[PDB]
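Each reported figure results from applying straightforward, stated rules to the coordinates on display, with no laboratory input. As a convention, Cβ positions derive from the backbone with ideal geometry for all residues, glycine included, and neighbour counts pool all protein chains shown.
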There are 2 protein chains.
Amino acid sequence: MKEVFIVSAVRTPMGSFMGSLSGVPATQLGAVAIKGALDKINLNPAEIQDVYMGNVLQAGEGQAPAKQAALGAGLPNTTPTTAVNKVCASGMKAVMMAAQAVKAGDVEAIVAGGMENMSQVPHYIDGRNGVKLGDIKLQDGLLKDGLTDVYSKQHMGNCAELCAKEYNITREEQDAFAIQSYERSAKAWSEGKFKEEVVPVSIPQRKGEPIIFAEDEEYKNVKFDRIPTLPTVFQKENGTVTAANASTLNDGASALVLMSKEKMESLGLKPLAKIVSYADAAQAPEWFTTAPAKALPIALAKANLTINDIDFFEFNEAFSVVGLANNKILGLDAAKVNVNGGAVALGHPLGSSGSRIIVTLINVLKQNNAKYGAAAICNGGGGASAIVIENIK
Amino acid sequence: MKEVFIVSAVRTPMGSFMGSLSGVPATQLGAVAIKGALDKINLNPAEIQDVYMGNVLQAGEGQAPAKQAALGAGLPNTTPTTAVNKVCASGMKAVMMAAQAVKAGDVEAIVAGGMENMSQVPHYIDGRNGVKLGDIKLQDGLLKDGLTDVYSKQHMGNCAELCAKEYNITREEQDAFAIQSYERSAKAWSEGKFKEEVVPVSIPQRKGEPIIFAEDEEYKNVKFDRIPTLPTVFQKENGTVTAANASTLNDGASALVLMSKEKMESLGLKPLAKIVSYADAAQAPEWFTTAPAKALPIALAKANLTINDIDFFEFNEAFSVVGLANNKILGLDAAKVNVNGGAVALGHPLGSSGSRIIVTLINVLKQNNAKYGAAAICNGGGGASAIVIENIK
Ligand SMILES: [Ca+2]
Ligand SMILES: [Ca+2]
Ligand SMILES: [Ca+2]
Ligand SMILES: [Ca+2]
Ligand SMILES: [Ca+2]
Ligand SMILES: [Ca+2]
Ligand SMILES: [Cl-]
Ligand SMILES: [Cl-]
């Protein structure tokens, strides 16, 4: 089978809910990330044969959100585009599907990534069927399509509490994990470890010069001394999950360029990394929290690798309890997982995070002179996706 | 490269806007189609390794629409699922991506299809940012995300008028094409030519037995003597497109099961058809109407076939002018295109039509003892997808 290489990989900084990017539509954040990925390698945009963008909450973004991102990035109108929705796994599934397009022989160069502006998700009304007498409900699209389990009608955070109970993960352990994610995020930013992968967003102003948004803003929104006293927001009695040890709602995008060996060599491009293998797995919807621990072994077996062969891991931190549970189940050394921080501190724009953690993993491997890395992310409905990459030194 | 076979292919009947399926959510229509595809071949649901469903208008469907369809069809909670959005090409792109997953070596059996309930698409309000003084607008999600070109802010029907003008396709020609689509649809239904592919929808009633919806209802909504007198709804002066010669808004779903050679032979299944090749193409957004004439030659070249090798064609009839324009550009014999009727008469649930026309094409080829067929469908943003299949006798 053809090899698939990652020749560029970038992300926007992540904005807080109703924060610095709340006025920049998801499709424009996608445009910034895609253009950034092309610009890193000075790639002629007409070399791109397809664009796959993860995007969970598409309402009100307008027709063909992935086309809007591609055209906004400067790709020509001859570029096909598709938006993909595997909830929080969307950006990773986009990369996997793009790799399959290369392996199937159909494209030599392809963009894959994800985008989300959670600040701009609308509320919904059934406007076509009148209500002759009675109150009418406007559903928050974030809660209805993003954060509520269909089958239980409960918030993802309630599923996080189920995980905490079953795997004996305490409030104190979740808080310590969260504090570590905040500390690692601030340290990696201070060390320049996000400078390579982050492409800034220019924000037009009503009057004056644009604001250049260049750094994640979520990880500064923390008061460490308040963390052990915050209320448990999903469960009144015997709860464990809080606003601080859960991830937040965020805005951001990410993008990667994938190529065949023949195409990258014809262009004189040295790859960042090779995609070794990938896999999806699923279990009961209420157990989406531990599905990454099912998906990663499948990807490892496809790679003919063992868990001991992986130098660094990126597991998306939808909740601190999710990070702790998958580490515990797989027996992972926490010093090798999310070493530059994770979503509890950095943020979590649903449709982008699955590709964002690949972007970060590439740079973690280079920063540590490592070889194999693995990334995995859970998703609503009970799923997870996982991918194994090889750093090319 | 591995061959990819279609071992089953079904569709729901299509309901009219606010019609017989308006109370059956898109995800449940998807469940009916997927279960129907499994039932045709008595397939153990656990053989399915992934599910890709096209779905253009996901707002308010709840979390993970493709999971809801899969679980509703009786697939186990171990089945990964993804929803794909290439506007009207979504269902075809789902099938193409699924074929790539087989060719890439990653799955041996996969479900691909599409689903849409246009009746249930909500209106949108920005509920998070108050408006201190002034009227507030609720955008129709169908118009905003489905039917309006982003760049021109005009309806797809206005792009249809641009096509009519540039390609000299008159009102009278569009009306004659529409009448032919209605006539062919009624004839094929009367001849039993949709009995094989259509799986009925049972509709629960407030009191009493369910209603069994088993036949397309759009093609009976026509008054032939009124057609030449209807108003031109997108352009007041010198218009050509009407409510009768444009497609309608509709509800419906469709689903196919794809397999490798090794898997179908191990299960003792005879394939319906082989997927020979497929392709995407794009041009300027306002020229989405003629993009099928760009995509099909790419697919033919990948198949090492010429247009003369194709026995029958399915080109989605988003508008009569689109059908006429692509026939004219490619020089196709209208007696070989959409021979059982098309979307102008049968309906057009956006995310399902791209796979629906493959389902219909399979049966057209068998009904006519034919070999090669091609299907193609345009999509907002300037794209089209095309697929070439080989009937297995
Ligand atoms: Ca700094
Ligand atoms: Ca937090
Ligand atoms: Ca260990
Ligand atoms: Ca009949
Ligand atoms: Ca019509
Ligand atoms: Ca001809
Ligand atoms: Cl899933
Ligand atoms: Cl496109």
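Things worth noting here:
- Largest first, the three principal axis extents of the alpha carbons in chain A are 62, 55, 42 Å in whole numbers.
- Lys/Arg +1, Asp/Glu -1 at C-beta; the protein assembly as shown dipole; positive extreme among A:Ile358, A:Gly341, B:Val388: B:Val388
- In this assembly of identical copies, the label point of A:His155 (Cα plus 7 Å along Cα-to-Cβ) is separated from its counterparts by 4.1 nm, sorted shortest first.
- Percent of beta bridges antiparallel (DSSP, the protein assembly as shown, rounded to nearest 5): 75
- Rg ratio for the stretch A:324-393: its Cα radius of gyration over 2.2 N^0.38 Å, N being its residue count, equals 1.11.
- Placing +1 on the Cβ of every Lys and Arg and -1 on the Cβ of every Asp and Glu, with no other charges, gives the stretch A:249-296 a dipole of roughly 280 debye about its Cα centre.
- Solution diffusion estimate, µm²/s, Stokes-Einstein, the stretch A:148-250, Kirkwood Rh from C-alpha pairs, 4 °C, viscosity 1.567 mPa s: 80
- Given in Å, the Rg to one decimal and the Dmax to the nearest whole number for the Cα atoms of the stretch A:107-185 are 19.6, 59.
- Cα pair distances exceeding 14 angstrom across the stretch B:11-74, given as percent: 58
- Peptide-level mean, for B:230-243, of C-beta atoms on other protein chains within 10 Å: 0
- For a straight C-alpha distance cut-off of 24 angstrom, the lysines reachable from A:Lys195 (same-chain residues fewer than eight places away being disregarded) are A:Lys35, A:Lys40, A:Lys187, A:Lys220, A:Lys270, A:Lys274, A:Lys336, A:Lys366, A:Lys371, A:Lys393.
- Extension gain for the segment B:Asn368 to B:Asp135, taken as residue separation times 0.36 nm less the Cα-Cα distance, is 78.0 nm to one decimal.
- Each part reduced to its alpha carbon centroid, the stretch B:1-62 and the stretch B:284-304 end up 26 Å apart.
- For chain A, built as a Gaussian network whose Cα springs stay under 10 Å, the top-fluctuating residue of A:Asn250, A:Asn368, A:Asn308: A:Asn308
- Straight-distance crosslink candidates among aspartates and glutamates, where the alpha carbon sits under 17 Å from B:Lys193 and sequence neighbours closer than 8 are dropped: B:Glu183, B:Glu215, B:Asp216, B:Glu217, B:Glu218, B:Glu314
- Neighbouring partner chain Cβ atoms per residue of B:123-134, average, 10 Å criterion: 5
- Distance histogram for the protein assembly as shown (every C-alpha pair counted, 20 angstrom bins, percent rounded to whole numbers): 18, 52, 27, 3
- DSSP beta bridges fully contained in the stretch A:261-393 are about 75 percent antiparallel.
- Restricting the calculation to Cα atoms, the stretch A:4-162 shows an Rg/Rh of 1.04 when the hydrodynamic-style radius is the Kirkwood one.
- Percentage, to the nearest whole number, of Cα pairs in the stretch B:74-206 over 24 Å apart: 63
- Packing-based ranking, highest mean first, of A:284-295, B:162-173, B:136-147, A:312-323 given that Cβ atoms within 10 Å are counted: A:312-323, A:284-295, B:136-147, B:162-173
- Chain A - percent relative contact order, Cα under 8 Å, separation 6 or more: 28
- Net charge, A:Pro80 excluded, C-beta distance under 15 Å - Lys, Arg +1, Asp, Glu -1: 0
- Note on B:98-108: average number of Cβ atoms from other chains within 10 Å of each residue's Cβ is 6.
- When peptides B:195-203, B:101-109 are sorted by average Cβ neighbour count within 10 Å, with the highest value leading, the order is B:101-109, B:195-203.
- Net charge dipole size for the protein assembly as shown [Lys, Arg +1 and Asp, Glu -1 on Cβ; Debye, nearest 20]: 200
- Cα-Cα P(r), the stretch A:225-347, percent of pairs per 5 Å interval: 2, 9, 14, 17, 18, 16, 10, 7, 4, 2, 1, 1, 0
- Beta bridges from DSSP with both residues in the stretch A:37-145: antiparallel share about 20 percent, rounded to the nearest 5.
- Among B:5-15, A:178-188, the peptide with the highest mean count of other Cβ atoms within 10 Å heads the list, and the full ranking is B:5-15, A:178-188.
- Over all distinct Cα-Cα pairs of the stretch B:236-285, the Kirkwood formula returns a hydrodynamic radius of 16.4 Å.
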